[PDB]
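*Asks:* Just dropping in an experimental structure and the matching sequence.
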Amino acid sequence: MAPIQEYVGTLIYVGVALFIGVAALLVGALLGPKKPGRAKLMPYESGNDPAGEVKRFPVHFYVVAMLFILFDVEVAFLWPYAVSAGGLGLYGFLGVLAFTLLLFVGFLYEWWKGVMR
Amino acid sequence: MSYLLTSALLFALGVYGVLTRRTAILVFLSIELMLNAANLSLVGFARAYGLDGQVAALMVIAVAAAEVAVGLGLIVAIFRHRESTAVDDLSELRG
Amino acid sequence: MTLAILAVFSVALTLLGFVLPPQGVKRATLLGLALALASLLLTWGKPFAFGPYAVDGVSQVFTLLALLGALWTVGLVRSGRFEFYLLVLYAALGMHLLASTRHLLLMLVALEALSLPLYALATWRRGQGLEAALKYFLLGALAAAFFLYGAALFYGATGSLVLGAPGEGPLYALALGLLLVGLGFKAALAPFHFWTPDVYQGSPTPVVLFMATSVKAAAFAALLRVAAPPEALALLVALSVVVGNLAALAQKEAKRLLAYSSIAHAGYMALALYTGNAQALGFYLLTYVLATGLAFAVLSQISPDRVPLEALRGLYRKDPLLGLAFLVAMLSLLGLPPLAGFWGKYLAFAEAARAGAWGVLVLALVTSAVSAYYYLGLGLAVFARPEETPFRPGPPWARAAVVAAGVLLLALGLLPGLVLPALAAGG
Amino acid sequence: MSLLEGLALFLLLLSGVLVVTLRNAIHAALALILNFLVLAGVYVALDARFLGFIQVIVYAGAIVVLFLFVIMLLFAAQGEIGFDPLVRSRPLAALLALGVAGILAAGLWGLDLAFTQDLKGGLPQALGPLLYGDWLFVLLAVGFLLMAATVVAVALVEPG
Amino acid sequence: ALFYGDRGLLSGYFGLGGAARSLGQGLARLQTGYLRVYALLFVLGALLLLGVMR
């Protein structure tokens, strides 16, 4: 085990940080002049409309996102190995290499094919 | 015992999800909740029968993650030239 | 060792495919499979565990079949993009692993390894072929989810993730069922059949070949290791055999006809599962794979895109050999001695009666007589007038293949007493 | 335990309700992030710490980002697009949903076990020997699965 | 009279053949093509199994 106390201590901390956050925002929010909407409906640039209509966006963003998940799964697995690594011995290392090369093959496919397409 | 009961409830909710939703992306979203209902169960019993259910869970997560990737990839690739993202209106296979 | 060739090849080819033009990857992958098949043969009947991976008698029979089916499908394809060979390879590996394990977490991972490349292989981009993909995937992810949930409740009830642990009262009873859902769906035992008519229709023919033999084999492989209750089975078989044969009268398009049929066939195999014998079920699947394999090859040679009932007519005029091949195939699936198809059935039925389970067995037999309706609906249609429909002849390669297949069918029909000795449990 | 415990499990269920109810996709997904956080807490609470942190890192940080990027790329201006002849299907959906909780409930009720067996907080210290031990094949299987996932995923989207 | 009778019987057997078609198409419209329908039938089915199982 290890102290559950210190995980609690995180929760406390989160409660403090969130509080000071919200506190600042609520001061700011409540004070200020106002003139009701009738033209603050509009956003940046050229009056209304910031730039035309864009309807669709490239696959670029999908690809980048997708990479990150699969390789994040990699990292997840490589943490246990990082910790105990004199106990797992030489056989350990071979386990690691096998796994690594497999995800690296993944990599080489997406690299030789591209991250702008 | 409480937690393990809760997991079954969370499974129930997920089923309600899959049947109700009328958007493709939100079907898939619901599936992901079900997969976590599972992973919780798996840990819950892991306290009883010790240690292997942890490693179990980790592998499970990974499978889920993999299945996310391909599935969302597909959902995108199907509807990247129309935008009525309802999960019906695939009626064209039936005979 | 069979695993050894596949895994290695899979990785190696991944990068290789950049250097070679698309044909070289077809030549390569075709070869790979053939080597993997070799490696099986020379170690026949000798078992190797390594813990997780686990070579058994069973594995050997069912992956023999699976690789066969996969060779055929890679054969015919000509289309670009190195992946449409590559993926079939992957999927095969996935099935190899699937059969060769008992340990549930591996079993899940294996299920994804085979199911993932299948979803993508469902697209030559024909509009239907995206719909198909989609249905299969969404329903698939649900059955997946059940299989994962099942495993998690199993771990509760035994204290193991190996299959073959003891068992008990309600949770273990429940748990044992929920594993049947996932595995069940992949081989399509009604009611889980639903995707099998749409997906077979929508998907392009050669791909469907791979699916209709091999995936069914592999899925069944894993199903056998489950201890499936005699009660669960009685439900499954009945619904499969009923819905299969009855519903099939209604259809008039080749792919869908064979689809509904393959719900019925899943039902018939599932009889063997009562006692469970991979001598009986082994035999069955051999006759089923060959016959379906033959039959679906012919359907590719017509068009790679859905054909109505009429198109099959006149096949004998255009080519005599093919006309006969496809004929023999159709009777073999009906079950009609002295083609092997009867023997495949007979062995299964015998295991049902041995374990004793009568009502079910009767339904099965009755509705198999029903089956003759739509099967003659194809099988004779061959001799009638040709109409205006495609029929590109296809390679000399394949012509030899198809006729080989049809000879392997009728050969075991007269001579079943060759193979049965060594498809045994210890071999 | 039932004093504090009750609240946290309540939150879990509540969060669950929201992600299958709410009629705007983003609000849904965002709720689901709150779900998996809570769940991460519940992992930590059950003598399984490492799994907790991986829950956040993978499931709530990786997976859901992928979800969100998809829901932005193509819009999702209603999370219930279609008023459709299947609008009848809402009460039948609710019916079957109840059924699946009942049957699962049965299997799980009256269960007797032990809760004694100490994982040791499931810190990565004690996970090392199993993971690269008896499960080492399974790991490599996982790894192959990922590689296949990559190859497939690319080939689906971009015609390669 | 008996002759016509024999005709009649035979058409009555065809009748049963027709019954099987009727029945047959009963299940076939159930393959509607709506995705959400298949999901519903699935869960029903999977419950049916799980009910049975004990």
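*Replies:* Good, I have the coordinates. Residues are numbered from 1 along each chain as shown, chains lettered A, B, ... in the order given.

*Asks:* Report the closest residue of the stretch 51-200 of chain C relative to chain E.
*Replies:* Of all residues in the stretch 51-200 of chain C, residue C:191 sits closest to chain E, with a separation of 3.6 Å (C-beta to the nearest C-beta). Where you see a C-beta, it was placed from the backbone N, CA and C, and this is true even at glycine.

*Asks:* ok, that residue - how many residues close by?
*Replies:* Other residues near residue C:191 number 21, with proximity taken as other C-beta atoms under 10 Å in any protein chain shown.

*Asks:* Assign it to helix, strand or coil.
*Replies:* On the three-state scheme (DSSP: H, G, I helix; E, B strand; the rest coil), residue C:191 is labelled coil.

*Asks:* Got phi/psi on residue 53?
*Replies:* In the absence of a named chain, this looks at chain A. Per-residue torsions, residue A:53: phi -120, psi 130 (degrees, to the nearest 10).

*Asks:* right idea, wrong chain: chain C
*Replies:* Dihedral angles phi and psi of residue C:53 (degrees, to the nearest 10) take the values phi -70, psi 140.

*Asks:* any idea how far chain B is from it?
*Replies:* Distance check for residue C:53 against chain B: by C-beta to the nearest C-beta, to the nearest Å, it reads 15 Å.

*Asks:* Could you give the number of residues near residue 70?
*Replies:* In the absence of a named chain, this looks at chain A. The tally of other residues near residue A:70 (other C-beta under 10 Å) stands at 25.

*Asks:* oops, chain C please
*Replies:* Residues within reach of residue C:70, counting by other C-beta under 10 Å, total 26.

*Asks:* residue in chain E nearest to chain C?
*Replies:* Closest contact between chain E and chain C, by C-beta to the nearest C-beta, is at residue E:45 (3.6 Å).

*Asks:* Now do the helices in chain E.
*Replies:* Counting by DSSP state H, chain E forms helices over residues E:2-28, E:35-52, given from the N-terminal end onward.

*Asks:* residues making contact with stretch C:15-24?
*Replies:* Counting by C-beta atoms under 8 Å, 6 or more residues apart in numbering or on different chains, stretch C:15-24 makes contact with A:105, A:108, A:112, C:25, C:28, C:80, C:81, C:82, C:85, C:86, all of which sit outside it.

*Asks:* tell me how far the ends of that stretch are from each other?
*Replies:* End-to-end span of stretch C:15-24 (C-alpha to C-alpha, to the nearest Å): 13 Å.

*Asks:* for stretch D:120-137, how far is the first residue from the last?
*Replies:* Distance between the boundary residues of stretch D:120-137 (C-alpha to C-alpha) amounts to 25 Å.

*Asks:* what residues does it touch?
*Replies:* With C-beta under 8 Å, 6+ apart as the contact definition, stretch D:120-137 has outside contacts at A:1-2, A:77, A:79-85, A:87-88, A:91-92, A:95-96, B:46, B:51-52, B:54-55, B:58-59, C:50-53, C:105-106, D:47-51, D:119, D:139.

*Asks:* Can I get the buried ones among those as something I can paste into PyMOL?
*Replies:* Here is the PyMOL command that selects only those of the contacts of stretch D:120-137 that count as buried (16 or more other C-beta atoms under 10 Å in any protein chain shown):
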select buried, (chain A and resi 77+80+81+84+88+92+95+96) or (chain B and resi 46+51+52+54+55+58+59) or (chain C and resi 52+53+105+106) or (chain D and resi 47+48+49+50+51+119+139)
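
*Asks:* Leaving out the residues flanking it, which one is nearest to the residue of the stretch 51-200 of chain C closest to chain E?
*Replies:* Spatially, and ignoring its direct neighbours in sequence, residue C:191 is nearest to residue E:45 (3.6 Å; C-beta to C-beta, 6 or more residues apart in numbering or on different chains).

*Asks:* Nearest residue to residue 43 in space, ignoring adjacent ones along the chain?
*Replies:* Since you didn't name a chain, this refers to chain A. Beyond its immediate neighbours in the sequence, the residue positioned closest to residue A:43 (C-beta to C-beta, 6+ apart) is residue A:50, lying 5.3 Å away.

*Asks:* try again with chain C
*Replies:* Here the nearest residue to residue C:43 in space, its sequence neighbours aside, is residue C:1; by C-beta to C-beta, 6+ apart that works out to 6.1 Å.

*Asks:* Count the neighbours of that neighbour for me.
*Replies:* Neighbour count for residue C:1, taken as other C-beta under 10 Å: 13.

*Asks:* Tell me the spacing between it and residue C:422.
*Replies:* Here the criterion is C-beta to C-beta, to the nearest Å. By it, residue C:1 lies 19 Å from residue C:422.

*Asks:* quick one, helices of the stretch 151-300 of chain C?
*Replies:* Counting by DSSP state H, counting those that start in this stretch, the segments of the stretch 151-300 of chain C that form helices are C:170-187, C:195-202, C:205-210, C:216-224, C:230-247, C:254-272, C:280-302.

*Asks:* Against chain B - does the host helix or strand of residue A:110 have any residue that ends up touching it?
*Replies:* For residue A:110, the enclosing helix or strand under DSSP states H and E is helix A:89-113. No. Shown here: helix A:89-113 not in contact with chain B (C-beta under 8 Å from any C-beta of the partner chain), separated by at least 10.9 Å.

*Asks:* And that helix, what does it pack against?
*Replies:* In terms of contact count using 3 or more C-beta pairs under 8 Å, 6 or more residues apart in numbering or on different chains; DSSP states H and E, helix A:89-113 is assigned the packing partners helix A:60-83, helix C:2-16, helix D:136-157.

*Asks:* one more time with 10 Å
*Replies:* Secondary-structure packing of helix A:89-113 (3 or more C-beta pairs under 10 Å, 6 or more residues apart in numbering or on different chains; DSSP states H and E): helix A:60-83, helix C:2-16, helix D:124-131, helix D:136-157.

*Asks:* who does the longest one touch, helix- and strand-wise?
*Replies:* Using 3+ C-beta pairs under 10 Å, 6+ apart as the contact criterion, the elements in contact with helix A:60-83 are helix A:89-113, helix B:52-78, helix D:49-54, helix D:64-73, helix D:124-131, helix D:136-157.

*Asks:* so the last one versus helix C:2-16, what angle?
*Replies:* Looking back up the chat, that one is helix D:136-157. Taking axes from the mean of the first three to the mean of the last three C-alpha atoms, to 10 degrees, helix D:136-157 and helix C:2-16 form an angle of 40 degrees between their directions.

*Asks:* quick revisit: next, the buried residues of the helix holding residue A:110.
*Replies:* Taking 16+ other C-beta under 10 Å as the basis for neighbour counts, the residues of helix A:89-113 that come out buried are A:92, A:95, A:96, A:99, A:102, A:103, A:105, A:106, A:107, A:109, A:110.

*Asks:* thinking again about what came up before, spit out the contact partners of the residue of chain E closest to chain C.
*Replies:* Contacts of residue E:45 were listed using C-beta atoms under 10 Å, 6 or more residues apart in numbering or on different chains, and they are C:181, C:190, C:191, C:192, C:193, C:194, C:235, C:239.
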